[PDB]
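Chains as they are written, first to last, in the authors' numbering: chain 3, 2 to 24; chain 4, 41 to 466; chain J, 10 to 142; chain W, 4 to 195; chain f, 1 to 37; chain N, 1 to 136.
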RNA sequence: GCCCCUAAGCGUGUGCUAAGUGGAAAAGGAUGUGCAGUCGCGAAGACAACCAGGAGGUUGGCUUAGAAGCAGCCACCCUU
């Protein structure tokens, strides 16, 4: 689960503005 | 477990033992069990059969009439008064096109729905898992419409297909592993059950175990005698775990009253090995209180069924509980005029209504002789300055009155052996 | 120092009296003789006694009295009673010892104040429901 | 019974709208409307703290003499809006009134005595409409249920109203009902 | 020292505390002592 | 047991949960109430357990009132059957609740124990809930 | 984005952070601090502490193996 959790939580960076593909 | 729609049921049986009266009693017992489980009995019938048919458990013509009557009554549930096989039930269902179960299925369902604690809930769950174990291949729905459920191919060398064991074998393996884990768990909690009463039987004290077929005590006798109110009911198999209290004589020695769950005749041989609580309790009990109903059609049937179960467990566990006194309660109900018939061959038939009642003075006075076997029987003379000569001579259990003297007092009562062995001096 | 209030018309029948007399290194019969000669002679009503055994083994008691709650016990009352507060009437106390009730003892556990009569008028009366009329 | 009006301040809202309302609310003010029989639409910005304080002290029915740029306006609260999640005010309706106006008002009822030692007491609806003058508005009317046998239904037909007060709603709606105390069996049965 | 994410006093005599960062309950009775961890 | 006597449509979409509850934001029947603070899908067994706890706390007095009722048959897919081929059978009776809605109400003399039992019932629910009063 | 890698600020001021939280996360609990209001007391020295205060008929209650302030119980209109 850790892999998916990290992947989808990376979207919370200031550069992604909370939207991240495949997440 | 899964519970579905009820209240539309039919009952099918085969009368191969006993007489017509006994077959009718079995039918009535099944009807009462279904009623308690939450069903409405529509039609229950028995076939005079030497042994159940190996196809439908009833026979071709019987199945025809059952289809007719069930179609006319608009029911969709059939109940067999026995322990049918997957082969039996497959045809018994294909002949009617409605759900089919048996008395053991009914009993497991009611146990599951009445279970109070995780302990018994897991026990009943294991019982039903192990009853449904045979129906992996026997589950035609599981093993039907399955063309290509696996890789039906071979070859020399690379195959890349990894059902290295038959899909049915994998199912058997997985369910066996589940059941093994559950069995390990129910064995493990043996220690938990033990340590719960660990304090008990350490300080040895008389233990009277109240035994009886289902619907006999339902903890009513416990509530009436000890005075502690616990779950008591007129329904069947309501008390799902034991419970002890302090009730005793005027003597300070406690008579721990051990509750027992009901024992229905013709058990499905799945709980008698799982639900060990009551069995261990009766094994360790000092006295037995056998509960009987004085207005039943055949109290002796339940009496001997209980006696047989007790003897089986006794021989299994290498013990011998000599004290076995019966009590024919449920006489205050006045629903049985065979009181003289019972009394002419069965002493100690005190009367208590189904849920309430009194008149247990004679009961207690007759029961005491079998548990009041202490060895104290020591008298002493305490001197003028009693001071601390009150600890275990008066502030103890089985302590009696005595005379008085100027030089302290002549205590003519009984002092317990372990508590006061030599501390007293004549 | 021990004090008692249960039925005092006794001749050493019960542990509170017999062993008490026979213990504590006191005379086996002197205090009992004085007790029976004085209090039983005086109708042997409820007679609380305090033990203050001096070095001479003699502690003279007095004509003690129960509180204003249960003065009838000594006056003309029955030993019966109740245990729950605010219980139904059991008996009455006539206005004959209105001041004598205050002549027995005047103090409390603490050194707070005085007028134990003005305290007991309503302190230990409502405990069981005993009435005073 | 004759209360005294409470002095207060209230400034005319310069700009209106949702953004203005939110900004004023964040600041601490509250937008309200002062209407009246004189047909005088107004948009005032009251102080949330003072408004809450006067409500809690003098209840909902409190004469607020709010200074309208020097001159005073006698205002009577009609209804108020409280956000469900914050319990914070959002607006209220004020009626500009004078001395000598028997305007209808809404009041609550409490109980002084509790109940008998073998029964129970409950509240049906503590909302009664009365006719009281503008300068004298009662509040929190008491109800006598001191040691009263159960089974009775005290409506608004036996409520003692102060001088110069009249009831509006019929004296038939249930305000209180002294019902017998249930047992454990009934308490489990209800809602089962 | 029954440990669990949740604790609370049992008697009026035992008192909560934040010892060494981890929260505990100190009781005159050794049976009621607990820690969060 | 709290089950609807019948339903106009036995299978229905999932109930949209958005915003704050327009109504049921105060104690009407009782005096102290359970004001929820998060979207939740309450069920018959949940409410039954909460009521059991409340009535076990309360012995022979006071009163409790259920505010919400499960009136949405929520269908769970049947046994594995992969996926597809029609909707599942009704298996739950759910009630949607949004923030601010009142679930339970009670009127009890003993205020301390009343609030205690209310807090216990709240803990039994799957969402945060405050205790509110009929008065302001 | 601006300490080094890595270009740009170990920027300026007002506060929080003790957890490296920052630099994953829930139901739950909880004398941390940052900061709003508020309670009867209340700079009378409040409050804590040192403190004289050790069975009032106080061994009653349901009772007598004692109900021995005291296993426990339904009440504390009780004061120079």
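All C-beta atoms in this analysis are idealised placements derived from N, C-alpha and C, irrespective of residue type, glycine included.
- N-terminal and C-terminal residue of the alpha helix (DSSP H) that residue 176 (chain W) is part of: Sequence index remark: in the fourth chain, residue 176 (chain W) carries index 173 (1-based). For residue 176 (chain W), no alpha helix (DSSP H) segment is defined, and its DSSP state is neither H nor E.
- Message: With a threshold of 8 Å between beta-carbons, can residue 424 (chain 4) be considered close to chain J, or not?
- Response: Against the second chain, residue 424 (chain 4) aligns to sequence position 384. Yes, residue 424 (chain 4) counts as interfacial toward chain J.
- Query: Is the Cβ-Cβ distance between residue 365 (chain 4) and residue 328 (chain 4) less than 8 Å?
  - Reply: On the second chain, position 325 is the one that residue 365 (chain 4) refers to. On the second chain, position 288 is the one that residue 328 (chain 4) refers to. Closer than 8 Å, so yes.
- Message: For residue 41 (chain J), report the span of its alpha helix (DSSP H) as first-last.
- Response: Along the third chain, one-based indexing puts residue 41 (chain J) at 32. First-last of the alpha helix (DSSP H) with residue 41 (chain J): 39–44.
- Message: For residue 76 (chain 4) and residue 146 (chain 4), what's the separation of their Cα atoms in angstroms?
- Response: Within the second chain, the letter at position 36 stands for residue 76 (chain 4). Within the second chain, the letter at position 106 stands for residue 146 (chain 4). Answer to the nearest angstrom: the Cα atoms are 10 Å apart.
- Give the straight-line distance between the Cα atoms of residue 194 (chain 4) and residue 10 (chain N), rounded to the nearest whole angstrom. Position 154 of the second chain, counting from 1, holds the residue named residue 194 (chain 4). Position 10 of the sixth chain, counting from 1, holds the residue named residue 10 (chain N). Put simply, the backbone Cα of residue 194 (chain 4) is about 49 Å away from that of residue 10 (chain N).
- Task: Compute the distance between the beta-carbons of residue 106 (chain W) and residue 137 (chain W), then report whether it is under 8 Å.
- Result: Your numbering for residue 106 (chain W) matches position 103 in the fourth chain. Your numbering for residue 137 (chain W) matches position 134 in the fourth chain. Going by C-beta atoms, residue 106 (chain W) is nearer than 8 Å to residue 137 (chain W).
- Kindly identify the DSSP beta-bridge partner or partners of residue 467 (chain 4). In the structure as shown, chain 4 starts at 41 and stops at 466, and residue 467 (chain 4) therefore has no counterpart that could be examined.
- Message: Does the CB of residue 55 (chain N) have a neighbour CB from chain W at under 8 Å?
- Response: In the sixth chain, the residue the question calls residue 55 (chain N) occupies position 55. Taking 8 Å as the CB threshold, residue 55 (chain N) lines the interface with chain W.
- Around the C-beta of residue 377 (chain 4), are 16 or more other C-beta atoms found within 10 angstroms, so that it is buried, or is it exposed? Within the second chain, numbered from 1, the residue matching residue 377 (chain 4) stands at position 337. That one is exposed.
- Message: Just verifying my parser: in three-state terms, what is the DSSP assignment at residue 121 (chain J)?
- Response: Locating residue 121 (chain J) in the third chain gives position 112, counting from the first residue. Correct three-state label for residue 121 (chain J): coil.
- Message: Per DSSP, what are the beta-bridge partners of residue 107 (chain N) in this structure?
- Response: Start at 1 with the first residue of the sixth chain, and residue 107 (chain N) comes out as number 107. BP columns for residue 107 (chain N) point to 63 (chain N).
- Query: What does a CB cutoff of less than 7 Å around residue 24 (chain 3) pick up in its chain, not counting 5 residues either side in sequence?
  - Reply: Here residue 24 (chain 3) is taken as the residue at index 23 of the first chain, counted from 1. Closer than 7 Å at the Cβ level, and outside the excluded window around residue 24 (chain 3), lie 8, 9, 12.
- Query: In this structure, what does DSSP give as the bridge partners for residue 24 (chain f)?
  - Reply: As a first step, residue 24 (chain f) is located in the fifth chain; it is residue number 24 there, counting from the start. BP columns for residue 24 (chain f) point to 17 (chain f), 35 (chain f).
- Query: So residue 464 (chain 4) packs on residue 420 (chain 4), CB below 8 Å; how close in whole Å?
  - Reply: In the second chain, counting from the first residue as 1, residue 464 (chain 4) sits at position 424. In the second chain, counting from the first residue as 1, residue 420 (chain 4) sits at position 380. Indeed they touch by this definition, with Cβ atoms about 4 Å apart.
- Task: Count the C-beta pairs between the segment 105–124 of chain N and the segment 38–54 of chain N that are closer than 8 Å, then say yes if the count reaches three, no if not.
- Result: yes
- Cβ neighbours of residue 444 (chain 4) in the same chain (closer than 8 Å, five flanking residues each side left out): In the second chain, the residue the question calls residue 444 (chain 4) occupies position 404. Only 450 meet the Cβ criterion.
- Is the Cβ of residue 51 (chain J) closer than 8 Å to any Cβ of chain 4? By 1-based counting over the third chain, the position of residue 51 (chain J) is 42. No, its Cβ sits nowhere closer than 8 Å to a Cβ of chain 4.
- Item | Helix, strand or coil at residue 14 (chain W) [DSSP, three-state] | Numbered from 1 along the fourth chain, position 11 holds the residue referred to as residue 14 (chain W). Three-state DSSP puts residue 14 (chain W) in a strand.
- Task: Please classify residue 90 (chain N): does DSSP put it in a helix, a strand, or coil?
- Result: Along the sixth chain, one-based indexing puts residue 90 (chain N) at 90. DSSP places residue 90 (chain N) in strand when its eight states are reduced to three.
- Task: Quick one: grab the DSSP three-state call for residue 126 (chain 4).
- Result: Here residue 126 (chain 4) corresponds to residue number 86 of the second chain, with the count starting at 1. Reduced to three states, the DSSP call for residue 126 (chain 4) is helix.
- Task: Determine which residues of the segment 116–133 of chain W have a Cβ less than 7 Å from any Cβ of chain N, and write them out in chain order.
- Result: The segment 116–133 of chain W vs chain N, Cβ under 7 Å: 123, 125.
- For residue 450 (chain 4), write down the residues that DSSP places opposite it in a beta bridge. Along the second chain, read from residue 1 onward, the residue named residue 450 (chain 4) stands at position 410. Looking at the DSSP assignment, residue 450 (chain 4) forms a beta bridge with 421 (chain 4).
- Using a threshold of 8 Å, state whether the C-beta atoms of residue 349 (chain 4) and residue 303 (chain 4) are closer than that. In the second chain, counting from the first residue as 1, residue 349 (chain 4) sits at position 309. In the second chain, counting from the first residue as 1, residue 303 (chain 4) sits at position 263. In this structure, residue 303 (chain 4) lies closer than 8 Å to residue 349 (chain 4) by Cβ.
- Item | Per DSSP, the bridge partner or partners of residue 61 (chain W) | By one-based count along the fourth chain, residue 61 (chain W) stands at place 58. The partner list for residue 61 (chain W) (beta bridge, DSSP) is empty, contrary to what the question assumes.
- Query: Given a threshold of 16 other Cβ atoms within 10 Å of its Cβ, counted over all protein chains shown, does residue 274 (chain 4) qualify as buried or as exposed?
  - Reply: Locating residue 274 (chain 4) in the second chain gives position 234, counting from the first residue. Classification of residue 274 (chain 4): exposed, given that the 10 Å Cβ count is below 16.
- Compare the C-beta of residue 133 (chain N) against all C-beta atoms of chain W and say whether one is closer than 8 Å. Taking the sixth chain and counting its residues from 1, the one referred to as residue 133 (chain N) is at position 133. Residue 133 (chain N) does not count as touching chain W.
- Query: Given that residue 100 (chain N) touches chain W, what residues does it touch there, using C-beta distances under 7 Å?
  - Reply: The residue you call residue 100 (chain N) lines up with position 100 of the sixth chain. Neighbours of residue 100 (chain N) on chain W, chain order: 87, 88.
- Item | Whether residue 459 (chain 4) touches residue 432 (chain 4) by CB criterion (8 Å) | Sequence index remark: in the second chain, residue 459 (chain 4) carries index 419 (1-based). Sequence index remark: in the second chain, residue 432 (chain 4) carries index 392 (1-based). In this structure, the beta-carbon distance from residue 459 (chain 4) to residue 432 (chain 4) falls below 8 Å.
- Task: Measuring alpha carbon to alpha carbon, tell me which of 112 (chain W), 40 (chain W), 86 (chain W), 121 (chain W) ends up nearest residue 186 (chain W).
- Result: By one-based count along the fourth chain, residue 186 (chain W) stands at place 183. Comparing Cα-Cα distances from residue 186 (chain W) to each of 112 (chain W), 40 (chain W), 86 (chain W), 121 (chain W), the minimum goes to 121 (chain W).
- Message: Rounded to the nearest angstrom, what separates residue 247 (chain 4) and residue 437 (chain 4) at their Cα positions?
- Response: The sequence position of residue 247 (chain 4) within the second chain is 207, counting from 1. The sequence position of residue 437 (chain 4) within the second chain is 397, counting from 1. Residue 247 (chain 4) and residue 437 (chain 4): Cα-Cα distance of roughly 15 Å.
- Query: Is it true that the segment 44–59 of chain 4 meets the segment 79–88 of chain 4, where meeting means three or more beta-carbon pairs spaced less than 8 Å apart?
  - Reply: yes
- What are the boundary residues of the beta strand (DSSP E) that residue 234 (chain 4) is part of? Residue 234 (chain 4) sits at position 194 when you count from the first residue of the second chain. No beta strand (DSSP E) holds residue 234 (chain 4); the alpha helix (DSSP H) holding it covers 207–237.
- What separation, rounded to the nearest whole angstrom, lies between the Cα atoms of residue 103 (chain 4) and residue 69 (chain 4)? On the second chain, position 63 is the one that residue 103 (chain 4) refers to. On the second chain, position 29 is the one that residue 69 (chain 4) refers to. For residue 103 (chain 4) and residue 69 (chain 4), the distance between alpha carbons rounds to 23 Å.
- Which value, in whole angstroms, describes the spacing of the CA atoms of residue 13 (chain J) and residue 74 (chain J)? Numbered from 1 along the third chain, position 4 holds the residue referred to as residue 13 (chain J). Numbered from 1 along the third chain, position 65 holds the residue referred to as residue 74 (chain J). Cα to Cα, the separation comes out at about 11 Å.
- Query: In whole angstroms, what separates the C-alpha of residue 244 (chain 4) from that of residue 115 (chain J)?
  - Reply: If you number the second chain from 1, residue 244 (chain 4) lands on position 204. If you number the third chain from 1, residue 115 (chain J) lands on position 106. About 53 Å.
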